[PDB]
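Residue numbers (the entry's author numbering): 1 to 294, 345 to 787, 794 to 829, 838 to 875.
Encoded structure:
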């Protein structure tokens, strides 16, 4: 019959963060409410799925796939290195090498190390040739020897030609002599160097010597990694200096020195344009011969013959004539990067590097994604999963939780198709979509995930609407679409004449599969009556680890602003509010600024010193140092030895659970303004709705029902404008009292700012609420109704059943 299987592999299988907590709450809601629906989530700890490994080789990270856990660090413009280890003296390091040959990306270098933790093989892929390049120690030694032989041969050629090269005075005349003499192998020099290096060595020796020394030093550093233990901190920089992300000093496709041809001024006139023309003519002749006997030949012929016509006039390339060189460089780079026939069989007659290009985040992440999808051993762990999801009936559903790229990396469109081919309805749950607006490659990845899925389940309405807009209009970015609400966004932000980055996705019916869900949770103590919450010591409260950007600094500024205008606050309300802070001390600076206000600046020294703070304390003494500090002071003050500067702030670092309950019962106002704000998936705000009035951040994931007229409009005080003070609508309003707000910085990070709301406005709103004895009772009752009717396990399970088409089973 009906059988629901949850899957959040491999992230948060122990239920510690939001994703695992949500999955556990959903499973508990299924178990408690529907005892006839066998719902359970697959875990690696249980006998559900095991990490796929080759016959005698284990992944370098423990119990991870070396191509799936790399998506998360790659998406942040960071290159990390993973791979395999034979774990034994002899393990046939070949099959694992295949896993390193198909799952290799320029941002994801692959390694194979021996049993004694010594590097054996290094497979990388340059951003220009886009081909997997193994770098075994023998190959590195061969490359170094080839470079040395080329250097000595070129030195011999220079010392031989110096007798006649001095007679020629014109530099241009020397170009012809070297080119003609290079055509004849006096001592078999054509098999060691290329035509560019012959002229460069003779005429521009310091530049050629510098380039050769740079390449030789890079390769020597690469060779040095095979001597002792392998460390995954210097190989990343080596890969960056090898692939070309940060530096490209050697062209592995042609085994020759690279030439930028754009940032190589004073040498553009000496480039082997004639040699490139001959190579392209040979490629054209080969294509003509192949076509006479006869994937696409005509398209390749047209693409290659275009480059030949662009090099007919040499002067048109050295001097940029209506972008002639740029188009030529782009076409050459596109042709070289082609790995399909007949380009692959013809690219060996010309170099693989023609200009230095910057690997964008989108291109790098897409290459890593394709490498991950090309995994030959990944589908195995799918089969094991299927091996546990048997028998398969017509009422078997799979709920895959996706948080690009954290929660979902073991699931791919091929994986989803394999799941559906066995008779499983895949329901992809989007934990965050609008969050990755600055990184739209993750948006493309999750869009493919929804497209291949049977059903889609979103948490909020704004991200769901944005995803629907992207799916039904082609591009992830609504600015580059024809939608009336998206075309106006481009004009007001960057104008209608801006070449924004394109993130094309295939169109699909996302509205007919999408749905809505909530982050359910279970609370032990029932919330108090709203009448008791209004007159409940209106003090500002905030939990959580004290980190930069968690709203703790804003609470400190709130307390400070209370201190200066305490008299203004007084004579207007019964009691002055007090900002109460509690949680894990993690930021030393934030904790220092918190404690200076608490009991003065001087008393923070007449302690810090005596008992000072070493920047080594782990989180068993970092916690038990601010506790001792706040216990020694606030007690030196009651021994009336000192005075609490700022009596309107109270700090309780690492408070006990009973102390936390006392703080919750003694505070009506909470400041739960995190980096994202109010949302249907954020449990950190859902767990605090029962305390009272909660001030949050007006984020982009607001469900449009908490603003001014929704079913829970007064439940939380998000604010007036979205994103706090960083709103573009507000900036437009103050300006008209119109420039491009997002100009010269597309995809700005203003939607994820820390201090979005101004402390002064928060204080003014807080005072304006308690002075009405606005209308906190309405806020408390609406928050309680939202907690009891929407943020419940049964509601989340019912939403999931409705989204997966099982609404007839809802009680």
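For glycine and all other residues, C-beta sits at the position ideal for the given N, C-alpha and C.
Continuous beta strand (DSSP E) stretch holding residue i: start and end
i	result
residue 125	119-125
residue 279	Careful: residue 279 lies outside any beta strand (DSSP E), inside the alpha helix (DSSP H) at 273-293.
residue 579	Element bounds for residue 579: n/a, residue is neither H nor E.
residue 703	699-703
residue 477	475-480
residue 132	132-134
residue 199	From DSSP, residue 199 is part of no beta strand (DSSP E) but of the alpha helix (DSSP H) over 195-203.
residue 369	From DSSP, residue 369 is part of no beta strand (DSSP E); its letter is neither H nor E.
residue 507	505-508
residue 7	3-7
Beta-carbon gap between residue i and residue j smaller than 8 Å
i	j	result
residue 419	residue 495	yes
residue 486	residue 729	no
residue 357	residue 386	no
residue 75	residue 415	yes
residue 119	residue 289	no
residue 421	residue 79	no
residue 51	residue 82	no
residue 227	residue 124	no
residue 209	residue 272	no
residue 649	residue 694	yes
residue 522	residue 550	no
residue 673	residue 635	yes
residue 189	residue 153	yes
residue 283	residue 399	yes
residue 504	residue 475	yes
CA-to-CA distance, residue j to residue i, given in whole angstroms
i	j	result
residue 389	residue 130	8 Å
residue 876	residue 846	Here the chain has residues from 1 to 875 only, and residue 876 is not among them.
residue 482	residue 497	12 Å
residue 573	residue 32	15 Å
residue 121	residue 111	6 Å
residue 174	residue 180	10 Å
residue 679	residue 610	21 Å
residue 805	residue 725	11 Å
residue 457	residue 669	26 Å
residue 555	residue 671	51 Å
residue 70	residue 278	42 Å
residue 473	residue 25	27 Å
residue 538	residue 771	19 Å
residue 468	residue 516	28 Å
residue 77	residue 491	12 Å
Of the listed residues the options, nearest to residue i (C-alpha basis)
i	options	result
residue 402	786, 254 and 851	254
residue 488	603, 798, 193 and 26	798
residue 214	250, 171 and 501	250
residue 66	117, 460 and 439	460
residue 632	207, 156, 562 and 703	703
residue 520	546, 872 and 493	493
residue 571	3, 13 and 29	29
residue 836	849, 285, 712 and 149	The model contains no atoms for residue 836, which sits in the stretch where the chain goes from 829 to 838 directly.
residue 731	513, 223, 809 and 267	513
residue 442	875, 859, 861 and 1	1
residue 252	237, 600 and 142	142
residue 737	862, 714 and 758	714
residue 136	149, 380 and 100	100
Span of the alpha helix (DSSP H) around residue i
i	result
residue 598	First-last for residue 598: undefined, no H or E at that position.
residue 649	638-649
residue 18	18-33
residue 82	No alpha helix (DSSP H) holds residue 82; the beta strand (DSSP E) holding it covers 82-85.
residue 427	Where residue 427 is concerned, there is no enclosing alpha helix (DSSP H), given that its DSSP letter is neither H nor E.
residue 237	235-243
residue 495	490-502
residue 156	137-165
residue 863	857-867
residue 99	95-102
Any chain D beta carbon closer than 8 Å to residue i
i	result
residue 238	Here there is only one protein chain, and chain D is not present.
Worksheet item: Is the region 592-606 touching the region 710-730 in the sense that three or more CB pairs, one from each, lie closer than 8 Å?
Response: Here the region 710-730 lies against the region 592-606, with 3 or more beta-carbon pairs under 8 Å apart.
Practice prompt. Kindly confirm or deny that the region 615-631 and the region 733-745 touch, where touching means at least three C-beta pairs closer than 8 Å.
Written response: no
Item to complete: Evaluate the contact criterion for the region 443-456 versus the region 15-29: three or more CB pairs, one atom per stretch, below 8 Å.
Response: Cβ pair count under 8 Å is three or more, so yes.
Worksheet item: Within the chosen definition, does the region 648-656 reach the region 611-619 through at least 3 CB pairs nearer than 8 Å?
Response: no
Discussion item. Taking 8 Å as the cut-off, does the region 463-473 touch the region 428-445 (at least 3 CB pairs, one atom from each stretch)?
Written reply: yes
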